[PDB]
>>> print(open('model17.cif').read())   # mmCIF, C-alpha atoms
data_coords
loop_
_atom_site.label_atom_id
_atom_site.label_comp_id
_atom_site.auth_asym_id
_atom_site.auth_seq_id
_atom_site.Cartn_x
_atom_site.Cartn_y
_atom_site.Cartn_z
CA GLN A 2 114.02 -175.90 -96.33
CA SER A 3 113.78 -172.40 -97.83
CA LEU A 4 113.00 -172.14 -101.55
CA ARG A 5 112.56 -168.42 -102.31
CA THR A 6 113.37 -165.37 -100.19
CA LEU A 7 111.27 -162.50 -101.50
CA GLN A 8 112.95 -159.10 -101.19
CA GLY A 9 112.21 -155.44 -101.78
CA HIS A 10 110.30 -154.62 -98.59
CA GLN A 11 112.19 -151.96 -96.65
CA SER A 12 110.43 -152.60 -93.32
CA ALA A 13 108.85 -155.36 -91.26
CA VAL A 14 106.25 -157.54 -92.97
CA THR A 15 102.96 -157.54 -91.06
CA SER A 16 100.52 -159.64 -93.09
CA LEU A 17 100.42 -162.00 -96.06
CA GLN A 18 98.15 -164.24 -98.12
CA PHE A 19 99.07 -166.50 -101.02
CA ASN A 20 97.36 -168.59 -103.69
CA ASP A 21 98.61 -171.08 -106.28
CA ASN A 22 100.80 -168.61 -108.19
CA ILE A 23 100.97 -165.29 -106.28
CA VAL A 24 101.76 -163.93 -102.82
CA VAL A 25 100.41 -160.64 -101.45
CA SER A 26 102.37 -159.03 -98.61
CA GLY A 27 101.81 -155.97 -96.45
CA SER A 28 104.65 -154.29 -94.58
CA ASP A 29 105.59 -151.36 -92.36
CA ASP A 30 106.85 -149.42 -95.41
CA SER A 31 103.25 -148.42 -96.34
CA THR A 32 103.35 -150.61 -99.47
CA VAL A 33 101.57 -153.77 -100.63
CA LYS A 34 103.57 -156.05 -102.92
CA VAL A 35 102.42 -158.80 -105.28
CA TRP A 36 104.91 -161.54 -106.14
CA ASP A 37 105.15 -164.73 -108.17
CA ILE A 38 105.62 -167.51 -105.60
CA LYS A 39 107.25 -169.74 -108.23
CA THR A 40 109.94 -167.33 -109.42
CA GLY A 41 110.02 -165.31 -106.20
CA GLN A 42 110.15 -161.96 -108.00
CA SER A 43 108.02 -158.86 -107.45
CA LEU A 44 105.33 -157.94 -109.95
CA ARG A 45 103.42 -154.95 -108.54
CA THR A 46 104.14 -152.59 -105.65
CA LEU A 47 100.86 -151.03 -104.51
CA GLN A 48 101.37 -147.43 -103.37
CA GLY A 49 99.04 -144.90 -101.78
CA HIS A 50 99.30 -145.64 -98.07
CA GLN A 51 101.02 -143.03 -95.90
CA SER A 52 101.86 -145.43 -93.05
CA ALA A 53 102.34 -149.10 -92.19
CA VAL A 54 99.99 -151.73 -93.64
CA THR A 55 98.40 -153.83 -90.90
CA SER A 56 96.21 -156.36 -92.73
CA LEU A 57 95.17 -157.50 -96.19
CA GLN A 58 92.77 -159.77 -98.05
CA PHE A 59 92.56 -160.52 -101.76
CA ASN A 60 90.54 -162.54 -104.24
CA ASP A 61 91.01 -163.18 -107.97
CA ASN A 62 90.42 -159.54 -108.94
CA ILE A 63 90.76 -157.42 -105.80
CA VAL A 64 93.10 -156.64 -102.91
CA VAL A 65 91.80 -154.94 -99.75
CA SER A 66 94.32 -153.57 -97.25
CA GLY A 67 94.21 -151.76 -93.93
CA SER A 68 96.87 -149.31 -92.79
CA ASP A 69 97.95 -147.17 -89.85
CA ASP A 70 96.68 -144.06 -91.69
CA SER A 71 93.03 -144.88 -90.81
CA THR A 72 92.22 -145.84 -94.41
CA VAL A 73 91.16 -149.08 -96.08
CA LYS A 74 92.16 -149.23 -99.75
CA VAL A 75 90.85 -151.44 -102.56
CA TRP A 76 93.31 -152.42 -105.29
CA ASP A 77 93.12 -154.03 -108.72
CA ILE A 78 95.45 -156.99 -108.22
CA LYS A 79 96.45 -157.09 -111.91
CA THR A 80 96.76 -153.45 -112.99
CA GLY A 81 98.28 -152.33 -109.67
CA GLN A 82 96.14 -149.18 -109.48
CA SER A 83 94.10 -148.16 -106.45
CA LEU A 84 90.34 -148.11 -107.04
CA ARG A 85 88.70 -146.89 -103.81
CA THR A 86 89.91 -145.23 -100.63
CA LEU A 87 87.51 -145.77 -97.74
CA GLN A 88 87.65 -142.89 -95.24
CA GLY A 89 85.80 -142.76 -91.94
CA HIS A 90 88.12 -144.20 -89.32
CA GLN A 91 90.03 -141.61 -87.29
CA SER A 92 92.79 -144.02 -86.22
CA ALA A 93 94.71 -147.06 -87.44
CA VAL A 94 92.74 -149.94 -88.97
CA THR A 95 93.72 -153.20 -87.28
CA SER A 96 91.65 -155.89 -89.05
CA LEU A 97 89.51 -156.34 -92.14
CA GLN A 98 87.36 -158.84 -94.02
CA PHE A 99 85.38 -158.48 -97.24
CA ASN A 100 83.12 -160.46 -99.56
CA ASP A 101 81.30 -159.93 -102.85
CA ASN A 102 79.20 -157.04 -101.53
CA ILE A 103 80.77 -155.34 -98.50
CA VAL A 104 83.97 -154.87 -96.50
CA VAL A 105 84.18 -154.78 -92.69
CA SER A 106 87.04 -152.96 -90.97
CA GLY A 107 88.04 -152.65 -87.32
CA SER A 108 89.96 -149.65 -86.06
CA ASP A 109 91.74 -148.16 -83.08
CA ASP A 110 88.93 -145.59 -82.72
CA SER A 111 86.78 -148.33 -81.11
CA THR A 112 84.50 -148.51 -84.17
CA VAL A 113 83.78 -151.25 -86.70
CA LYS A 114 82.76 -149.81 -90.07
CA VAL A 115 80.80 -151.55 -92.83
CA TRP A 116 81.30 -150.40 -96.43
CA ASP A 117 79.58 -151.55 -99.60
CA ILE A 118 82.67 -152.51 -101.57
CA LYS A 119 81.55 -151.21 -104.98
CA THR A 120 80.38 -147.82 -103.65
CA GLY A 121 83.04 -146.89 -101.10
CA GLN A 122 80.33 -145.35 -98.91
CA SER A 123 80.24 -145.95 -95.15
CA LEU A 124 77.06 -147.99 -94.80
CA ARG A 125 77.17 -148.58 -91.04
CA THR A 126 79.35 -147.60 -88.09
CA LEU A 127 79.28 -150.09 -85.22
CA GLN A 128 79.51 -148.08 -81.99
CA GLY A 129 79.82 -149.69 -78.59
CA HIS A 130 83.45 -150.52 -77.89
CA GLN A 131 85.41 -148.43 -75.40
CA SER A 132 88.87 -149.07 -76.87
CA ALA A 133 90.74 -150.20 -79.98
CA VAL A 134 89.18 -153.02 -81.99
CA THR A 135 91.78 -155.75 -82.52
CA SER A 136 90.02 -158.51 -84.49
CA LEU A 137 86.80 -159.20 -86.36
CA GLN A 138 84.94 -161.84 -88.35
CA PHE A 139 81.54 -161.75 -90.08
CA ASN A 140 79.22 -164.04 -91.98
CA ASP A 141 75.93 -163.41 -93.80
CA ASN A 142 74.04 -162.06 -90.78
CA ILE A 143 76.33 -161.02 -87.92
CA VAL A 144 79.70 -159.53 -86.98
CA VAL A 145 81.89 -160.63 -84.06
CA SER A 146 84.46 -158.07 -82.91
CA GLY A 147 87.15 -158.11 -80.26
CA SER A 148 88.57 -155.00 -78.63
CA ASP A 149 91.02 -153.65 -76.08
CA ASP A 150 88.10 -153.14 -73.66
CA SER A 151 88.30 -156.86 -72.72
CA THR A 152 84.93 -157.54 -74.40
CA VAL A 153 83.80 -159.43 -77.50
CA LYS A 154 80.73 -157.91 -79.14
CA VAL A 155 78.27 -159.43 -81.61
CA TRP A 156 76.44 -157.19 -84.08
CA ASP A 157 73.86 -157.55 -86.82
CA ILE A 158 75.64 -156.86 -90.11
CA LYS A 159 72.69 -154.91 -91.57
CA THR A 160 70.77 -153.45 -88.61
CA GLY A 161 73.98 -152.00 -87.17
CA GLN A 162 72.95 -152.76 -83.59
CA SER A 163 74.77 -154.73 -80.90
CA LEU A 164 73.25 -158.13 -80.09
CA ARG A 165 75.35 -159.29 -77.13
CA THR A 166 78.52 -158.37 -75.28
CA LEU A 167 80.66 -161.27 -74.12
CA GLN A 168 82.22 -160.46 -70.74
CA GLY A 169 84.65 -162.27 -68.48
CA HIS A 170 87.99 -161.42 -70.03
CA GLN A 171 90.01 -159.12 -67.77
CA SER A 172 92.35 -157.86 -70.51
CA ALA A 173 92.36 -156.91 -74.19
CA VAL A 174 90.93 -159.41 -76.67
CA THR A 175 93.48 -160.16 -79.39
CA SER A 176 91.96 -162.89 -81.57
CA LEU A 177 88.60 -164.55 -82.22
CA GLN A 178 87.03 -167.26 -84.35
CA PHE A 179 83.37 -168.17 -84.44
CA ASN A 180 80.68 -170.44 -85.85
CA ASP A 181 76.89 -170.35 -85.62
CA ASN A 182 77.17 -172.45 -82.44
CA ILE A 183 80.06 -170.93 -80.47
CA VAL A 184 82.67 -168.18 -80.43
CA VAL A 185 86.27 -168.61 -79.27
CA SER A 186 88.25 -165.63 -77.99
CA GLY A 187 91.82 -165.21 -76.80
CA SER A 188 92.83 -162.36 -74.51
CA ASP A 189 95.86 -160.81 -72.86
CA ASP A 190 94.78 -162.33 -69.51
CA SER A 191 96.36 -165.67 -70.56
CA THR A 192 92.97 -167.37 -71.06
CA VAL A 193 90.94 -168.60 -74.03
CA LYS A 194 87.17 -168.50 -73.57
CA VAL A 195 84.49 -170.47 -75.45
CA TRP A 196 81.09 -168.78 -75.51
CA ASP A 197 77.62 -169.66 -76.72
CA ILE A 198 77.08 -167.15 -79.53
CA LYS A 199 73.29 -167.38 -79.20
CA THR A 200 73.07 -166.31 -75.58
CA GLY A 201 76.47 -164.70 -74.96
CA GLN A 202 77.26 -166.80 -71.90
CA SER A 203 80.65 -168.31 -71.08
CA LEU A 204 80.68 -172.03 -71.82
CA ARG A 205 84.27 -172.60 -70.63
CA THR A 206 87.59 -170.92 -69.86
CA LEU A 207 90.79 -172.55 -71.12
CA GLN A 208 93.54 -171.97 -68.55
CA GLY A 209 97.19 -172.96 -68.64
CA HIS A 210 98.92 -170.18 -70.55
CA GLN A 211 101.18 -168.00 -68.42
CA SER A 212 100.90 -164.83 -70.53
CA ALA A 213 98.88 -163.14 -73.28
CA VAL A 214 97.28 -165.26 -76.01
CA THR A 215 98.20 -163.91 -79.45
CA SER A 216 96.56 -166.28 -81.95
CA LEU A 217 94.06 -169.12 -82.06
CA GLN A 218 92.24 -171.51 -84.39
CA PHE A 219 89.65 -174.22 -83.78
CA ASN A 220 87.81 -177.00 -85.58
CA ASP A 221 84.91 -179.14 -84.38
CA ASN A 222 87.16 -181.09 -82.02
CA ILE A 223 90.08 -178.91 -80.87
CA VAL A 224 91.35 -175.38 -80.23
CA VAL A 225 94.96 -174.47 -81.08
CA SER A 226 96.32 -171.29 -79.46
CA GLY A 227 99.69 -169.55 -79.30
CA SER A 228 100.71 -167.36 -76.38
CA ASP A 229 103.37 -164.92 -75.23
CA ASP A 230 104.90 -167.74 -73.15
CA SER A 231 106.57 -169.23 -76.27
CA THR A 232 104.27 -172.28 -76.22
CA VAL A 233 101.45 -173.60 -78.40
CA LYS A 234 98.66 -175.48 -76.63
CA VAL A 235 96.01 -177.93 -77.84
CA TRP A 236 92.60 -177.97 -76.17
CA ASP A 237 89.40 -180.00 -76.38
CA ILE A 238 86.66 -177.47 -77.13
CA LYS A 239 83.73 -179.24 -75.42
CA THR A 240 85.75 -180.51 -72.47
CA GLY A 241 87.90 -177.43 -71.92
CA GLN A 242 90.84 -179.65 -70.99
CA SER A 243 94.44 -179.12 -72.05
CA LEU A 244 95.50 -181.81 -74.52
CA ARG A 245 99.11 -181.09 -75.49
CA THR A 246 101.58 -178.25 -75.06
CA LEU A 247 104.07 -177.68 -77.87
CA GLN A 248 107.44 -176.54 -76.49
CA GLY A 249 110.35 -175.47 -78.68
CA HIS A 250 110.04 -171.74 -79.27
CA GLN A 251 112.17 -169.46 -77.11
CA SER A 252 109.98 -166.37 -77.65
CA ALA A 253 106.34 -165.33 -77.97
CA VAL A 254 104.19 -167.09 -80.57
CA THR A 255 102.66 -164.61 -83.01
CA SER A 256 100.99 -166.64 -85.78
CA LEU A 257 99.83 -170.22 -86.20
CA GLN A 258 97.82 -172.49 -88.48
CA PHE A 259 96.92 -176.17 -88.33
CA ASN A 260 95.05 -178.98 -90.05
CA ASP A 261 94.12 -182.54 -89.07
CA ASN A 262 97.79 -183.56 -89.40
CA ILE A 263 100.20 -180.80 -88.33
CA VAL A 264 100.55 -177.42 -86.62
CA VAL A 265 102.65 -174.64 -88.17
CA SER A 266 103.57 -171.84 -85.77
CA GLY A 267 105.58 -168.64 -85.96
CA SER A 268 107.37 -166.95 -83.09
CA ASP A 269 109.55 -164.00 -82.12
CA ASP A 270 112.63 -166.27 -82.08
CA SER A 271 112.79 -165.86 -85.89
CA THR A 272 111.76 -169.51 -86.41
CA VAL A 273 108.74 -171.26 -87.91
CA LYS A 274 107.97 -174.61 -86.28
CA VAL A 275 106.02 -177.51 -87.77
CA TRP A 276 104.71 -180.08 -85.29
CA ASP A 277 102.81 -183.32 -85.55
CA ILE A 278 99.66 -182.35 -83.66
CA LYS A 279 98.79 -185.87 -82.48
CA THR A 280 102.25 -186.34 -80.98
CA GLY A 281 102.83 -182.80 -79.81
CA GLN A 282 106.40 -183.24 -81.08
CA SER A 283 108.27 -180.88 -83.40
CA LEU A 284 108.84 -182.24 -86.90
CA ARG A 285 110.94 -179.38 -88.34
CA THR A 286 112.34 -175.96 -87.48
CA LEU A 287 112.32 -173.46 -90.36
CA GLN A 288 115.41 -171.27 -90.05
CA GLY A 289 116.55 -168.34 -92.16
CA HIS A 290 114.75 -165.37 -90.63
CA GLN A 291 116.86 -162.79 -88.80
CA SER A 292 113.98 -161.34 -86.75
CA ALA A 293 110.54 -162.09 -85.33
CA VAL A 294 107.96 -163.92 -87.45
CA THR A 295 104.70 -161.98 -87.73
CA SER A 296 102.42 -163.98 -90.05
CA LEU A 297 102.31 -167.32 -91.85
CA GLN A 298 100.14 -169.47 -94.12
CA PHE A 299 100.61 -172.98 -95.48
CA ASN A 300 98.98 -175.42 -97.86
CA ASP A 301 99.63 -179.11 -98.53
CA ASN A 302 103.34 -178.72 -99.27
CA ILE A 303 104.63 -175.14 -98.77
CA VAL A 304 104.64 -172.45 -96.09
CA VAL A 305 104.82 -168.69 -96.67
CA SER A 306 106.04 -166.66 -93.69
CA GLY A 307 106.55 -162.96 -93.05
CA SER A 308 109.12 -161.62 -90.61
CA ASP A 309 110.34 -158.39 -89.04
CA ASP A 310 113.47 -158.57 -91.25
CA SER A 311 111.46 -157.15 -94.19
CA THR A 312 111.49 -160.51 -96.00
CA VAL A 313 108.89 -163.08 -97.07
CA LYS A 314 110.13 -166.67 -97.22
CA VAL A 315 108.70 -169.81 -98.83
CA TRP A 316 109.31 -173.15 -97.12
CA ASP A 317 108.88 -176.78 -98.14
CA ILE A 318 106.46 -177.92 -95.44
CA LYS A 319 108.09 -181.31 -94.94
CA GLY A 320 111.28 -181.16 -97.01
#
>>> encode(input="model17.cif", output="structure tokens")
Amino acid sequence: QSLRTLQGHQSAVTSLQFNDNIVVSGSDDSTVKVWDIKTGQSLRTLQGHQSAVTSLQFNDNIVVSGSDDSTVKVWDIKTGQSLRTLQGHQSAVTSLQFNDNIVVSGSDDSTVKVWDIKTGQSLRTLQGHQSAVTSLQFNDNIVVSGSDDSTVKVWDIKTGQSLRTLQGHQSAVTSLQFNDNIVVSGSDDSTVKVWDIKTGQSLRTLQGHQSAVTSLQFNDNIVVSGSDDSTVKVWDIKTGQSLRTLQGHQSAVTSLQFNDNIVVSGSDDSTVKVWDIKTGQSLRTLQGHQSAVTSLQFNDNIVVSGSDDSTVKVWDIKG
């Protein structure tokens, strides 16, 4: 069931992230909007971007967004003003992640750039990729980046060098997740690969998808991936076997998220689907979107989804 349909975005919503009392949405209208999830009304419209917003991340005080204008901006989430503009990328910024000290941005110019968040200076520039960087993730020591060059590269977050290059994918890498033990990468070649992060060798290749893999997520036991073949698949990470295939969507799966109990997926068929992961059976179909679903996020009881119809919708996860 839909509770609140947030409105005021004039173009497709690309990214979102919500807490207990606010939602932060990025869209193709070059604006970032802050809303009150309870009332469903807009508080602040963050302006300064000259093209579509591709990703975002916020904490209690700060919002960090990436846009198609090759800039990463840092916003005060309460006053609505822009604090820093980070300039160094020469093409669209596709992914971002930031902590207390630094921000890390991936771009179409095949470079990952590290910036000390309170300075705005370009600390490091990670060179090595031959095409657009699509996804990234870093911890205290290292950075793992995916790119259109069909390779996943590991870097040292402070030395600025490349540690390993994970090779085997025959098409662009779209998503990645990693721990100190392994990395998990999805690619356009319809395969998900599990690698040993320490040595950079391929531990397994998950096969079964008939088209590009768009999103993934894994815990200690399982990998959950969504593909362009309108299906979500469950895998066993150590075995490499296919566990369950979730079938209900009639178009490509774009975003997903899961826990020990359920799997919440978004697709281009304008529907968000909640499934019991143990069964592999659909529990609900969230309807109300008039166009493709681009991003989602859920907690214990509600789901927040963004769609191409320039709307952000809140859903009761099981009501």
>>> residues_around(input="model17.cif", residues="residue A:87", least_positions_apart="5", cutoff="12 Å", atoms="all atoms listed in the file", output="PyMOL selection string")
chain A and resi 50+65-68+70-76+94+103-106+114-124
>>> write_last_selection(input="model17.cif", atoms="C-alpha atoms", output="compact mmCIF listing (two decimals), in the coordinates of the input")
# COMPACT_ATOMS: atom_id res chain seq x y z
CA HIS A 50 99.30 -145.64 -98.07
CA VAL A 65 91.80 -154.94 -99.75
CA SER A 66 94.32 -153.57 -97.25
CA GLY A 67 94.21 -151.76 -93.93
CA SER A 68 96.87 -149.31 -92.79
CA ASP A 70 96.68 -144.06 -91.69
CA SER A 71 93.03 -144.88 -90.81
CA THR A 72 92.22 -145.84 -94.41
CA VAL A 73 91.16 -149.08 -96.08
CA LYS A 74 92.16 -149.23 -99.75
CA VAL A 75 90.85 -151.44 -102.56
CA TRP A 76 93.31 -152.42 -105.29
CA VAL A 94 92.74 -149.94 -88.97
CA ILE A 103 80.77 -155.34 -98.50
CA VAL A 104 83.97 -154.87 -96.50
CA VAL A 105 84.18 -154.78 -92.69
CA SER A 106 87.04 -152.96 -90.97
CA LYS A 114 82.76 -149.81 -90.07
CA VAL A 115 80.80 -151.55 -92.83
CA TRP A 116 81.30 -150.40 -96.43
CA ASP A 117 79.58 -151.55 -99.60
CA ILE A 118 82.67 -152.51 -101.57
CA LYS A 119 81.55 -151.21 -104.98
CA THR A 120 80.38 -147.82 -103.65
CA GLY A 121 83.04 -146.89 -101.10
CA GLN A 122 80.33 -145.35 -98.91
CA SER A 123 80.24 -145.95 -95.15
CA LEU A 124 77.06 -147.99 -94.80
>>> resolve_selection(input="model17.cif", expression="the PyMOL selection byres ((chain A and resi 197) around 10)", output="short mmCIF file (atom, residue, chain, number, x, y, z; two decimals) with C-alpha atoms, in the frame of the given file")
data_model
loop_
_atom_site.label_atom_id
_atom_site.label_comp_id
_atom_site.auth_asym_id
_atom_site.auth_seq_id
_atom_site.Cartn_x
_atom_site.Cartn_y
_atom_site.Cartn_z
CA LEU A 167 80.66 -161.27 -74.12
CA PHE A 179 83.37 -168.17 -84.44
CA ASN A 180 80.68 -170.44 -85.85
CA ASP A 181 76.89 -170.35 -85.62
CA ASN A 182 77.17 -172.45 -82.44
CA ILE A 183 80.06 -170.93 -80.47
CA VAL A 184 82.67 -168.18 -80.43
CA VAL A 185 86.27 -168.61 -79.27
CA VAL A 195 84.49 -170.47 -75.45
CA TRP A 196 81.09 -168.78 -75.51
CA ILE A 198 77.08 -167.15 -79.53
CA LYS A 199 73.29 -167.38 -79.20
CA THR A 200 73.07 -166.31 -75.58
CA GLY A 201 76.47 -164.70 -74.96
CA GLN A 202 77.26 -166.80 -71.90
CA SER A 203 80.65 -168.31 -71.08
CA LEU A 204 80.68 -172.03 -71.82
CA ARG A 205 84.27 -172.60 -70.63
#
>>> atom_distance(input="model17.cif", atom1="atom CA of residue A:150", atom2="atom CA of residue A:95")
14.7 Å
>>> resolve_selection(input="model17.cif", expression="the PyMOL selection byres ((chain A and resi 221) around 10)", output="MDAnalysis selection string")
chainID A and resid 180 219:220 222:224 237:239
>>> closest_residue(input="model17.cif", among="A:216, A:296, A:208, A:80", to="residue A:242", atoms="only C-alpha atoms")
A:208
>>> residues_around(input="model17.cif", residues="stretch 126-134 of chain A", least_positions_apart="6", cutoff="7 Å", atoms="all atoms listed in the file", output="list in words")
residues 95, 107, 108, 109, 110, 111, 112, 113, 114, 115, 146, 147, 148, 149, 150 and 161 of chain A
>>> residues_around(input="model17.cif", residues="residue A:317", least_positions_apart="4", cutoff="8 Å", atoms="all atoms listed in the file", output="list in words")
residues 2, 3, 4, 302, 303 and 304 of chain A
